[PDB]
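Some notes on the structure that comes next.
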Amino acid sequence: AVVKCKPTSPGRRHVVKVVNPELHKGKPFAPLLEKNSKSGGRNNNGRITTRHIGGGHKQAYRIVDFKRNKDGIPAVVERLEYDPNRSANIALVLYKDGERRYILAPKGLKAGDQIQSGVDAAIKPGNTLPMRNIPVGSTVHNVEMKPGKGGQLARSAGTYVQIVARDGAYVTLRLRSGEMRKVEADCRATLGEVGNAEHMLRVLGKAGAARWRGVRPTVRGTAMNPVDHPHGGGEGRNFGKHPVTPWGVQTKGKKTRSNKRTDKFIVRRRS
Amino acid sequence: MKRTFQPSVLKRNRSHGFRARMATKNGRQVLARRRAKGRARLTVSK
RNA sequence: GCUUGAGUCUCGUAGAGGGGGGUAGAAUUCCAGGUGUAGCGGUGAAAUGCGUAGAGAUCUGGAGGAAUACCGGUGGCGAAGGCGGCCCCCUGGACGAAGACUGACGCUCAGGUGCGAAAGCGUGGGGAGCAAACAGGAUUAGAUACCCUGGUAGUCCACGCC
RNA sequence: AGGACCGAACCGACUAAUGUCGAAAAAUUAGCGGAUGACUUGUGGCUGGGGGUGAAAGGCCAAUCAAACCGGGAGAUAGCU
RNA sequence: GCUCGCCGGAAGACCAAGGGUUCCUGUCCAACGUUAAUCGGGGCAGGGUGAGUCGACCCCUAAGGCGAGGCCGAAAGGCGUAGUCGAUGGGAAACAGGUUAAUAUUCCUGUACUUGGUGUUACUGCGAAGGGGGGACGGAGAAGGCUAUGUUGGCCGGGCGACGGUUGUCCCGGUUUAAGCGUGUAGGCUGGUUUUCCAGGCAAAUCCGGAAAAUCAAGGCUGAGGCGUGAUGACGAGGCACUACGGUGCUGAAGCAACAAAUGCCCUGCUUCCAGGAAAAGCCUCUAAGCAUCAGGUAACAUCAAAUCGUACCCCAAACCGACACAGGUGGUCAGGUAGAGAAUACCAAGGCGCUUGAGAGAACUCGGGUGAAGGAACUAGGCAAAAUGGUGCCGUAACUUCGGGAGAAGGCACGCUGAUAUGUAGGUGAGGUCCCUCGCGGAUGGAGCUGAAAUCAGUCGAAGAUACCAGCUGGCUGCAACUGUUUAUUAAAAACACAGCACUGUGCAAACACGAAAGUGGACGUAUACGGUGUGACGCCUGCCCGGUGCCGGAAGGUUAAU
RNA sequence: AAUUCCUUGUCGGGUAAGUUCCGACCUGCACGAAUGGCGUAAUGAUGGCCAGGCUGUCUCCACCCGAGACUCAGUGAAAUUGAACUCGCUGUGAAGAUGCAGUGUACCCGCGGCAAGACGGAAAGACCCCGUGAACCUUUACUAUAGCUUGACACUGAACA
RNA sequence: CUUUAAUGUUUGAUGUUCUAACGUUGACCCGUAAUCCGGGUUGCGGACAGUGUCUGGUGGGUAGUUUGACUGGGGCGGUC
RNA sequence: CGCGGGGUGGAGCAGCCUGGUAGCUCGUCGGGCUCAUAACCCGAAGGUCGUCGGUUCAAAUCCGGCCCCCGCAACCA
């Protein structure tokens, strides 16, 4: 939910923290957790491949099953957990044969309800089945790109993909950006959009609220020196240039879509 | 003032050690020249 | 205490009364393909715009958003504002019928509180049409007006404010 | 609860003075600022010379940086002293 | 040796790091020490480091490195899989006294404990590179109960004191005791047990998990300290005894209570919020492949083994690092008496030192400080520097505002000591006694003793009672930037930068982009409420006109147009 | 005005006195709306101005207390330096003289002091200029180039319409 | 010679279909307790993609250099 | 000091470059439209081409001097 913090201090007078009183304050499931070390921009070569990433807090990796391959098994929800690695919360689920597994939680998913996968499940937010057994126009998420991969699109908070039309072994989708993409019909999806829709309303407030988060301060080029950044220069904020990236390629208007092997799947570009 | 040499036995041998040199070709290029001058102290070791 | 006050209970009636969730066709705009040709659009006249890269026109398909022809009436409901394509669920008020029942529980009401079209504002989405501001072209002594070609905010929606 | 307040250890270094062949190749003295956080700090690694790093000064990379140090091109070249 | 002075949350006592005999002793003084030197971290010779329980090695693992094959690349080489290393992490086991010129949780005395080999006996099914559990964890805040430790009292030993008093409400000193074992508390956590079934855990499972039932209401687990024991033992003030006059031998009383009280312990807890807080192994436990009169497992007892290496000394400094015996820097533990909020500060205990040039003079001048008539910024670039304000409780507090603040705004009053309320109060702790009990480390009840604010009234000393150290200058106008924060290490700490926020634009995932000849990684084990770039930079009111020049994007018909 | 050259513009306020400061007037050399505009509580080792309080900063310093300076003994440097029997003045001169000329004056030599000179000592000027010097950086300076992008050829083929 | 109609033939520009090349950072099994890799079935695209060669365009991201002299000092202006 | 540009009817501006002929709007005079003015329609005049000389067949024009005005420069220590 949305709750404005009282203006007691400079740095707190703009903090709006999300209150979700349904998340279990207990300890997250041990077997479903393994470590994920930080790297912060570093890579194989040890260079800072990507800027503004590092520091931050320590967070353990959660195993979220996107495949959901188990068929014909009702799933009794156990509880709603909080998730550091994802903006979307995860719901601890218990299957009928006694196995604990995590799933991305849809909108109306309370502690204890039931969901099921396979093509035997009716329409309830949380059900999983191929889109060649879905009503044309259904709001879904966690859709996959290849038949059996697991899921690539519509996974963030309040994300939903609208199925436009269906022609044979190809489903005319409408991704969140609005870019019409024809994906193979043999791909499993999950009904109902992801809840947690007040995530957008969250406003940090403190610079430290971003520091322990994992971000790193971004320095403008207008302040740097020409030897380090293409903008810099001048004794008094001079510009006179076409805004380009730290590596010469022009920005603020420069399409870089050169795939060729996936051009056939884009009906209309995002707009 | 923290002078530019805070001693450490362990770090010295992990970056200037004998066997540390026998790692790469460049390292064996070092001892080639070290033995070339007939220097008694091949590398900082024990 | 008794009833001609008021209110309640039993049965029905009409209704754009309100809230939420779905649904339909006509029409307009946009895109792609086929047919096809020099104008189209517009006005008091004209021009900008649009078009020989082939529009407009016509036909087919598809994606969108808003409003609901005819029925519609100085008709109906509601305190007022205001509310109309259809359907489901939840639900308010008024009216009539023949009786019973409690026994004046009534009326109004500074302050207070609540509702409240449009315009406007904030946060998050939507964006077809219309259209402040602005722009070009005319008219004109001047036109930062009336006309015409476009067009952002807004107009729509959920939650709040005024 | 708080990038909250006063204030030691701690970290840093704004003012003044001493010092400048100094006690010291940036410190002492008397006051300062932060002091539960974007904090400080030990041990142990990774990134490297037209490259690294950078809350961006062209500052930092072993007292040396608008391009480190060492060896070799090289006794480079010098219409200059 | 006797006084004085100094530090004392250090200038103390020990470890890690890092040096490498600087430690101890004898002898010597040329060289070393900014002076002499019989002195010494200097020269010369000799001695000293004793471990199953400390550390490391070792079992295991992270960041990250190497890396059989392998992918890729002129070669070198780069990367990476299984593996294998790598602690600052986790994992078995000892405490006390004595002893040396120097070393000791290592030697000795006394008393315990851990991990394996082997053998015997009584029983029984054991058994992996595989499963599950456990290990196993964040920050902050509050609280209960103890301990370290300290003061007072009781008791014990000594004294009764060179100037007036001191046999008593007097003075000084001591009043120490662990690991383990046993009971198993304060407190905390979780509902136990039995039966059946099962698409679950790469196979399998009696282990775990799920789903149905039955019985009863507890059981189990975790857990400082105390009490006993360890210990009719050690130590022990002070004497008794020999002096190489340094020390050694012998002997030896009291050894309890109460209160206060940690940041140590319970706590690797509990509550709460969010940014959501290692892995593996040891341990425990279950099976596959199989082996079964076995091998092995469990329990007791006996014996054997516990190796290798470091161990000296310094360790906030003359021994490390700064060329020096250098006013510098260096992580961690313990850390007492009084006042005091405190680890501040002042003075002291333990303990360790007077800093390796002194003796005179007291000139100008210089550095560090004190005080100063009348005036009070008249100084000067400028209130720079000094001065002054400075504690606690309470009285009281404006413009403006985002209604949190501003604010400790400003400005003031009372603070010592003694007595009385009250042979020291409220409050806190809490023995004895009494009763009961599913009987113990229990609960009510009861209140001695002890410890001990503050408030009110009165009296009295001084000029001054927060009397010392210590300890805010404030108000008014206003530019700029929001703010805490960051930077030119070594002349610039700011209005420069960062900042949450806002905006635009790029990107449909083998994503954009970046490193890299490539592979492969980062992005992200994330995916449009996401990520990269750029610009501005809290919030509030707002963000107008121009598409000529330039760039980007869209449409491609025509003219021009390379290779072929 | 962090911007106004002219200029200390003009009016009003604060002072006895105000090139600063504060509030306005618009003649804006040359403010202006995300290279964001105008305001803004709080914060600030920030900038400028003012008052109270309090003081040696000042009128003008005076004294006292410690460590040096000073004397004695011990130990014992450094920067620099062609050579010196190393005076002032006037003039002259590679153009500001201790040294040449003229003249005056002055016993030889120490210690403590003070800094006008010896264009004192230190840095083969950092200012200016030169060199057909270097180094970085800028772009619609010239020529190349990574990257990106375009088409053809090859890996790469069969079909009908 | 121009306009032209059919057929044979010759290359070329598009469209769609197809699967063997090839891509496959999809699933499954094995080597194998190994998220690398290799291979085998299968699935999805598809003669594209990607790469080598040649070539046009862009290109201060990057590299090597140029950027005149005389001049009552240089600069500006002017001049040769 | 130096460089560049301009001066044309009453006003505001073309024309120059590539020498002979001067244009547009407003304004003024006069007429009409209306009761009247403005506006509108119609007609016409008005320019020493800043200033003087020179070159040339010919000067607004090309060059030079001078005057006025505008912009730039008026510098690095």
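Residues are referred to by chain and number: the chain letter is A, B, ... according to the order shown in the structure tokens, the number counts from 1 in that chain, and ligands are numbered separately from 1 in the order shown.
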
**Shell of 12 Å around residue 236 in chain A, only C-alpha atoms (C1' of nucleotides), local chain residues under 2 positions omitted, as a list in words** = residues 222, 223, 224, 232, 233, 234, 238 and 239 of chain A; 496 of chain E; 35 of chain F

For the residues in the current selection, export N, CA and C atoms (P, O5', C5', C4', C3', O3' and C1' of nucleotides) as a PDB file, in the first residue's frame.
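Just written: selection-v8.pdb:
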ATOM      1  N   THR A 222      28.663  16.849 -18.327  1.00  0.00           N
ATOM      2  CA  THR A 222      28.814  18.298 -18.359  1.00  0.00           C
ATOM      3  C   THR A 222      29.776  18.805 -17.285  1.00  0.00           C
ATOM      4  N   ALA A 223      30.159  17.923 -16.366  1.00  0.00           N
ATOM      5  CA  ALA A 223      31.069  18.307 -15.293  1.00  0.00           C
ATOM      6  C   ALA A 223      32.442  17.672 -15.464  1.00  0.00           C
ATOM      7  N   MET A 224      32.486  16.561 -16.190  1.00  0.00           N
ATOM      8  CA  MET A 224      33.735  15.848 -16.406  1.00  0.00           C
ATOM      9  C   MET A 224      34.692  16.580 -17.337  1.00  0.00           C
ATOM     10  N   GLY A 232      32.057  16.935 -21.264  1.00  0.00           N
ATOM     11  CA  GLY A 232      32.915  17.777 -20.440  1.00  0.00           C
ATOM     12  C   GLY A 232      33.349  19.138 -20.950  1.00  0.00           C
ATOM     13  N   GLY A 233      34.626  19.448 -20.738  1.00  0.00           N
ATOM     14  CA  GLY A 233      35.195  20.707 -21.188  1.00  0.00           C
ATOM     15  C   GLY A 233      34.586  22.010 -20.694  1.00  0.00           C
ATOM     16  N   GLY A 234      35.218  23.112 -21.092  1.00  0.00           N
ATOM     17  CA  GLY A 234      34.766  24.446 -20.729  1.00  0.00           C
ATOM     18  C   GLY A 234      34.933  24.884 -19.284  1.00  0.00           C
ATOM     19  N   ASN A 238      29.946  24.811 -20.737  1.00  0.00           N
ATOM     20  CA  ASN A 238      29.672  24.977 -22.160  1.00  0.00           C
ATOM     21  C   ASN A 238      29.209  23.621 -22.686  1.00  0.00           C
ATOM     22  N   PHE A 239      28.394  23.617 -23.737  1.00  0.00           N
ATOM     23  CA  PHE A 239      27.916  22.360 -24.306  1.00  0.00           C
ATOM     24  C   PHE A 239      28.201  22.301 -25.807  1.00  0.00           C
TER      25      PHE A 239
ATOM     26  P     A E 496      27.144  24.908  -7.132  1.00  0.00           P
ATOM     27  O5'   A E 496      28.719  24.806  -7.354  1.00  0.00           O
ATOM     28  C5'   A E 496      29.326  25.102  -8.627  1.00  0.00           C
ATOM     29  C4'   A E 496      30.477  24.157  -8.873  1.00  0.00           C
ATOM     30  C3'   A E 496      30.091  22.686  -8.858  1.00  0.00           C
ATOM     31  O3'   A E 496      29.664  22.273 -10.156  1.00  0.00           O
ATOM     32  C1'   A E 496      31.918  23.031  -7.395  1.00  0.00           C
TER      33        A E 496
ATOM     34  P     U F  35      18.749  21.654 -20.750  1.00  0.00           P
ATOM     35  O5'   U F  35      19.084  23.214 -20.704  1.00  0.00           O
ATOM     36  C5'   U F  35      19.567  23.848 -19.499  1.00  0.00           C
ATOM     37  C4'   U F  35      21.071  23.717 -19.403  1.00  0.00           C
ATOM     38  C3'   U F  35      21.783  24.691 -18.476  1.00  0.00           C
ATOM     39  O3'   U F  35      21.709  24.291 -17.108  1.00  0.00           O
ATOM     40  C1'   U F  35      22.967  24.516 -20.522  1.00  0.00           C
TER      41        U F  35
END

Who sits within 12 Å of residue 56 in chain G, only C-alpha atoms (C1' of nucleotides), same chain under 5 positions skipped, as a PDB file with N, CA and C atoms (P, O5', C5', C4', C3', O3' and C1' of nucleotides), in the first residue's frame:
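File around_5.pdb, as written:
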ATOM      1  P     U E 561      26.589   8.752 -62.079  1.00  0.00           P
ATOM      2  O5'   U E 561      26.776   7.948 -60.715  1.00  0.00           O
ATOM      3  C5'   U E 561      27.706   8.399 -59.708  1.00  0.00           C
ATOM      4  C4'   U E 561      27.622   7.521 -58.478  1.00  0.00           C
ATOM      5  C3'   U E 561      27.837   6.033 -58.713  1.00  0.00           C
ATOM      6  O3'   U E 561      29.217   5.693 -58.784  1.00  0.00           O
ATOM      7  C1'   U E 561      25.945   6.342 -57.329  1.00  0.00           C
ATOM      8  P     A E 562      29.712   4.550 -59.802  1.00  0.00           P
ATOM      9  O5'   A E 562      30.500   3.525 -58.870  1.00  0.00           O
ATOM     10  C5'   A E 562      31.733   3.909 -58.233  1.00  0.00           C
ATOM     11  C4'   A E 562      32.170   2.857 -57.237  1.00  0.00           C
ATOM     12  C3'   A E 562      32.322   1.437 -57.758  1.00  0.00           C
ATOM     13  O3'   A E 562      33.562   1.253 -58.433  1.00  0.00           O
ATOM     14  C1'   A E 562      31.179   1.402 -55.688  1.00  0.00           C
ATOM     15  P     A E 563      33.705   0.102 -59.548  1.00  0.00           P
ATOM     16  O5'   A E 563      33.646  -1.256 -58.714  1.00  0.00           O
ATOM     17  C5'   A E 563      34.661  -1.578 -57.740  1.00  0.00           C
ATOM     18  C4'   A E 563      34.200  -2.721 -56.866  1.00  0.00           C
ATOM     19  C3'   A E 563      33.803  -3.985 -57.615  1.00  0.00           C
ATOM     20  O3'   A E 563      34.939  -4.796 -57.908  1.00  0.00           O
ATOM     21  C1'   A E 563      32.101  -3.421 -56.076  1.00  0.00           C
TER      22        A E 563
ATOM     23  P     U F 149      25.636  -3.181 -37.801  1.00  0.00           P
ATOM     24  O5'   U F 149      25.328  -2.390 -39.150  1.00  0.00           O
ATOM     25  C5'   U F 149      24.329  -1.350 -39.183  1.00  0.00           C
ATOM     26  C4'   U F 149      24.426  -0.564 -40.470  1.00  0.00           C
ATOM     27  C3'   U F 149      24.334  -1.375 -41.752  1.00  0.00           C
ATOM     28  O3'   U F 149      22.986  -1.676 -42.094  1.00  0.00           O
ATOM     29  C1'   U F 149      26.154   0.120 -41.912  1.00  0.00           C
ATOM     30  P     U F 150      22.665  -2.903 -43.083  1.00  0.00           P
ATOM     31  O5'   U F 150      23.209  -2.402 -44.495  1.00  0.00           O
ATOM     32  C5'   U F 150      22.543  -1.339 -45.206  1.00  0.00           C
ATOM     33  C4'   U F 150      23.104  -1.199 -46.606  1.00  0.00           C
ATOM     34  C3'   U F 150      23.233  -2.481 -47.411  1.00  0.00           C
ATOM     35  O3'   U F 150      21.987  -2.877 -47.970  1.00  0.00           O
ATOM     36  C1'   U F 150      25.193  -1.181 -47.671  1.00  0.00           C
ATOM     37  P     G F 151      21.640  -4.442 -48.126  1.00  0.00           P
ATOM     38  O5'   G F 151      22.332  -4.846 -49.503  1.00  0.00           O
ATOM     39  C5'   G F 151      21.881  -4.278 -50.749  1.00  0.00           C
ATOM     40  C4'   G F 151      22.961  -4.391 -51.802  1.00  0.00           C
ATOM     41  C3'   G F 151      23.490  -5.791 -52.081  1.00  0.00           C
ATOM     42  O3'   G F 151      22.631  -6.523 -52.951  1.00  0.00           O
ATOM     43  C1'   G F 151      25.306  -4.299 -51.867  1.00  0.00           C
ATOM     44  P     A F 152      22.699  -8.131 -52.976  1.00  0.00           P
ATOM     45  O5'   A F 152      24.058  -8.445 -53.748  1.00  0.00           O
ATOM     46  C5'   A F 152      24.225  -8.079 -55.136  1.00  0.00           C
ATOM     47  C4'   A F 152      25.651  -8.313 -55.586  1.00  0.00           C
ATOM     48  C3'   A F 152      26.199  -9.720 -55.404  1.00  0.00           C
ATOM     49  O3'   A F 152      25.788 -10.576 -56.467  1.00  0.00           O
ATOM     50  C1'   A F 152      27.794  -8.150 -54.639  1.00  0.00           C
TER      51        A F 152
END

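Using only C-alpha atoms (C1' of nucleotides), the smallest distance between any of E:535, E:210, E:447, E:432 and chain A comes from E:210.
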
Using only C-alpha atoms (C1' of nucleotides), find which residues of chain D lie within 7 Å of chain A and jot them down as a PDB file with N, CA and C atoms (P, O5', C5', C4', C3', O3' and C1' of nucleotides), in the first residue's frame.
ATOM      1  P     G D   2      16.296   3.990  11.936  1.00  0.00           P
ATOM      2  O5'   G D   2      16.110   5.536  11.593  1.00  0.00           O
ATOM      3  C5'   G D   2      15.227   5.960  10.535  1.00  0.00           C
ATOM      4  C4'   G D   2      15.054   7.464  10.556  1.00  0.00           C
ATOM      5  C3'   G D   2      16.317   8.296  10.330  1.00  0.00           C
ATOM      6  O3'   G D   2      15.978   9.504   9.652  1.00  0.00           O
ATOM      7  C1'   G D   2      15.417   8.803  12.450  1.00  0.00           C
ATOM      8  P     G D   3      16.505   9.756   8.152  1.00  0.00           P
ATOM      9  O5'   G D   3      18.035  10.173   8.318  1.00  0.00           O
ATOM     10  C5'   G D   3      19.002   9.241   8.838  1.00  0.00           C
ATOM     11  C4'   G D   3      20.337   9.406   8.140  1.00  0.00           C
ATOM     12  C3'   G D   3      20.951  10.795   8.143  1.00  0.00           C
ATOM     13  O3'   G D   3      21.574  11.061   9.400  1.00  0.00           O
ATOM     14  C1'   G D   3      21.320   9.699   6.057  1.00  0.00           C
ATOM     15  P     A D   4      21.701  12.573   9.939  1.00  0.00           P
ATOM     16  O5'   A D   4      20.195  13.026  10.199  1.00  0.00           O
ATOM     17  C5'   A D   4      19.373  12.362  11.181  1.00  0.00           C
ATOM     18  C4'   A D   4      18.879  13.357  12.205  1.00  0.00           C
ATOM     19  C3'   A D   4      19.928  13.876  13.177  1.00  0.00           C
ATOM     20  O3'   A D   4      20.712  14.928  12.612  1.00  0.00           O
ATOM     21  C1'   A D   4      17.985  13.257  14.374  1.00  0.00           C
ATOM     22  P     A D  38      22.745   5.907   5.013  1.00  0.00           P
ATOM     23  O5'   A D  38      23.757   6.243   3.828  1.00  0.00           O
ATOM     24  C5'   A D  38      24.170   5.222   2.895  1.00  0.00           C
ATOM     25  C4'   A D  38      25.506   5.576   2.269  1.00  0.00           C
ATOM     26  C3'   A D  38      26.594   6.068   3.221  1.00  0.00           C
ATOM     27  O3'   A D  38      27.865   5.620   2.767  1.00  0.00           O
ATOM     28  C1'   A D  38      26.205   7.694   1.559  1.00  0.00           C
ATOM     29  P     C D  46      44.894 -11.179  -7.426  1.00  0.00           P
ATOM     30  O5'   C D  46      43.664 -10.476  -8.151  1.00  0.00           O
ATOM     31  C5'   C D  46      42.612 -11.260  -8.741  1.00  0.00           C
ATOM     32  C4'   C D  46      41.555 -10.359  -9.333  1.00  0.00           C
ATOM     33  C3'   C D  46      42.073  -9.243 -10.226  1.00  0.00           C
ATOM     34  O3'   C D  46      42.367  -9.716 -11.538  1.00  0.00           O
ATOM     35  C1'   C D  46      40.455  -8.374  -8.731  1.00  0.00           C
ATOM     36  P     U D  47      43.485  -8.973 -12.427  1.00  0.00           P
ATOM     37  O5'   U D  47      42.828  -7.559 -12.759  1.00  0.00           O
ATOM     38  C5'   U D  47      41.616  -7.468 -13.541  1.00  0.00           C
ATOM     39  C4'   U D  47      41.183  -6.025 -13.679  1.00  0.00           C
ATOM     40  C3'   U D  47      42.259  -5.062 -14.159  1.00  0.00           C
ATOM     41  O3'   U D  47      42.365  -5.102 -15.583  1.00  0.00           O
ATOM     42  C1'   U D  47      41.049  -4.104 -12.355  1.00  0.00           C
ATOM     43  P     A D  55      32.796   7.532  -7.958  1.00  0.00           P
ATOM     44  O5'   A D  55      31.918   8.713  -7.333  1.00  0.00           O
ATOM     45  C5'   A D  55      31.447   9.800  -8.161  1.00  0.00           C
ATOM     46  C4'   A D  55      31.052  10.985  -7.308  1.00  0.00           C
ATOM     47  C3'   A D  55      32.142  11.592  -6.436  1.00  0.00           C
ATOM     48  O3'   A D  55      32.963  12.496  -7.175  1.00  0.00           O
ATOM     49  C1'   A D  55      30.179  11.311  -5.156  1.00  0.00           C
ATOM     50  P     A D  56      34.412  12.911  -6.606  1.00  0.00           P
ATOM     51  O5'   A D  56      35.038  13.825  -7.752  1.00  0.00           O
ATOM     52  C5'   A D  56      34.236  14.817  -8.422  1.00  0.00           C
ATOM     53  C4'   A D  56      34.937  15.314  -9.669  1.00  0.00           C
ATOM     54  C3'   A D  56      34.047  16.104 -10.622  1.00  0.00           C
ATOM     55  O3'   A D  56      34.828  17.055 -11.338  1.00  0.00           O
ATOM     56  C1'   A D  56      34.786  14.129 -11.685  1.00  0.00           C
ATOM     57  P     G D  58      39.150  20.477 -13.362  1.00  0.00           P
ATOM     58  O5'   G D  58      39.959  19.204 -13.879  1.00  0.00           O
ATOM     59  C5'   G D  58      41.385  19.107 -13.708  1.00  0.00           C
ATOM     60  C4'   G D  58      41.843  17.685 -13.938  1.00  0.00           C
ATOM     61  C3'   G D  58      43.351  17.486 -13.965  1.00  0.00           C
ATOM     62  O3'   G D  58      43.853  17.332 -12.640  1.00  0.00           O
ATOM     63  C1'   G D  58      42.312  16.250 -15.712  1.00  0.00           C
TER      64        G D  58
END

**Asked** Quick one: residues within 10 Å of range 24-36 of chain B, only C-alpha atoms (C1' of nucleotides) counted, chain neighbours fewer than 6 positions away excluded, as a VMD selection string?
**Response** (chain B and resid 16 18 42 to 43) or (chain E and resid 76 to 77)

Those same residues, written as a PDB file, in the first residue's frame with N, CA, C and O atoms (P, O5', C5', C4', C3', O3' and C1' of nucleotides)?
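And here's selection04.pdb as it stands now:
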ATOM      1  N   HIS B  16      55.350 -11.820  -5.312  1.00  0.00           N
ATOM      2  CA  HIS B  16      56.763 -11.732  -5.668  1.00  0.00           C
ATOM      3  C   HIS B  16      57.457 -13.047  -5.348  1.00  0.00           C
ATOM      4  O   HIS B  16      58.679 -13.166  -5.465  1.00  0.00           O
ATOM      5  N   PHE B  18      58.758 -17.034  -5.308  1.00  0.00           N
ATOM      6  CA  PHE B  18      59.536 -17.841  -6.240  1.00  0.00           C
ATOM      7  C   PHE B  18      58.583 -18.596  -7.161  1.00  0.00           C
ATOM      8  O   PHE B  18      58.617 -18.439  -8.384  1.00  0.00           O
ATOM      9  N   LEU B  42      67.990 -14.526  -5.811  1.00  0.00           N
ATOM     10  CA  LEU B  42      67.161 -14.711  -6.998  1.00  0.00           C
ATOM     11  C   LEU B  42      65.867 -13.907  -6.918  1.00  0.00           C
ATOM     12  O   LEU B  42      65.567 -13.113  -7.806  1.00  0.00           O
ATOM     13  N   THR B  43      65.104 -14.122  -5.853  1.00  0.00           N
ATOM     14  CA  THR B  43      63.857 -13.397  -5.624  1.00  0.00           C
ATOM     15  C   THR B  43      63.641 -13.322  -4.121  1.00  0.00           C
ATOM     16  O   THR B  43      64.226 -14.103  -3.370  1.00  0.00           O
TER      17      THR B  43
ATOM     18  P     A E  76      50.958 -21.235 -28.013  1.00  0.00           P
ATOM     19  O5'   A E  76      51.550 -20.091 -27.074  1.00  0.00           O
ATOM     20  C5'   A E  76      52.930 -20.119 -26.658  1.00  0.00           C
ATOM     21  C4'   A E  76      53.320 -18.801 -26.026  1.00  0.00           C
ATOM     22  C3'   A E  76      52.555 -18.382 -24.777  1.00  0.00           C
ATOM     23  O3'   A E  76      53.064 -19.001 -23.600  1.00  0.00           O
ATOM     24  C1'   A E  76      52.725 -16.541 -26.251  1.00  0.00           C
ATOM     25  P     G E  77      52.066 -19.764 -22.591  1.00  0.00           P
ATOM     26  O5'   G E  77      50.841 -18.765 -22.384  1.00  0.00           O
ATOM     27  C5'   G E  77      51.060 -17.372 -22.094  1.00  0.00           C
ATOM     28  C4'   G E  77      49.917 -16.541 -22.632  1.00  0.00           C
ATOM     29  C3'   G E  77      48.569 -16.737 -21.951  1.00  0.00           C
ATOM     30  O3'   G E  77      48.459 -15.956 -20.763  1.00  0.00           O
ATOM     31  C1'   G E  77      48.276 -16.869 -24.288  1.00  0.00           C
TER      32        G E  77
END

Taking only C-alpha atoms (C1' of nucleotides) into account, what are the residues of chain B at most 9 Å from chain D, put as a PDB file with N, CA, C and O atoms, in the first residue's frame?
ATOM      1  N   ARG B   3      53.221   5.807   5.769  1.00  0.00           N
ATOM      2  CA  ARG B   3      54.246   5.626   4.743  1.00  0.00           C
ATOM      3  C   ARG B   3      53.883   4.531   3.736  1.00  0.00           C
ATOM      4  O   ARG B   3      53.234   3.541   4.081  1.00  0.00           O
ATOM      5  N   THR B   4      54.325   4.716   2.495  1.00  0.00           N
ATOM      6  CA  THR B   4      54.023   3.789   1.406  1.00  0.00           C
ATOM      7  C   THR B   4      54.645   2.395   1.437  1.00  0.00           C
ATOM      8  O   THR B   4      55.154   1.915   0.423  1.00  0.00           O
ATOM      9  N   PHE B   5      54.607   1.747   2.596  1.00  0.00           N
ATOM     10  CA  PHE B   5      55.113   0.389   2.723  1.00  0.00           C
ATOM     11  C   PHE B   5      54.721  -0.251   4.045  1.00  0.00           C
ATOM     12  O   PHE B   5      55.522  -0.327   4.979  1.00  0.00           O
ATOM     13  N   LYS B  11      51.491 -11.316   1.742  1.00  0.00           N
ATOM     14  CA  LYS B  11      51.210 -10.650   0.476  1.00  0.00           C
ATOM     15  C   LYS B  11      52.442 -10.582  -0.419  1.00  0.00           C
ATOM     16  O   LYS B  11      52.333 -10.618  -1.646  1.00  0.00           O
TER      17      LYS B  11
END

**Message:** From a backbone DSSP assignment, name each residue in chain B labelled helix (DSSP H, G or I), as a ChimeraX atom specification.
**Reply:** /B:9-15,18-21,25-36

Nearby residues (only C-alpha atoms (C1' of nucleotides)) at most 8 Å from residue 87 in chain A, same-chain spacing under 6 positions excluded, as a compact mmCIF listing (two decimals) with N, CA, C and O atoms, in the first residue's frame:
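Writing the result to result29.txt gives the following:
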# COMPACT_ATOMS: atom_id res chain seq x y z
N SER A 156 7.61 -8.27 -14.19
CA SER A 156 7.73 -7.21 -13.20
C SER A 156 6.41 -6.87 -12.51
O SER A 156 5.36 -7.42 -12.83
N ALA A 157 6.48 -5.95 -11.55
CA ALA A 157 5.32 -5.52 -10.79
C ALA A 157 4.27 -4.84 -11.68
O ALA A 157 4.59 -3.93 -12.44
N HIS A 199 4.08 -0.53 -6.46
CA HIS A 199 5.54 -0.43 -6.52
C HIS A 199 5.97 0.88 -7.16
O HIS A 199 6.97 1.48 -6.75
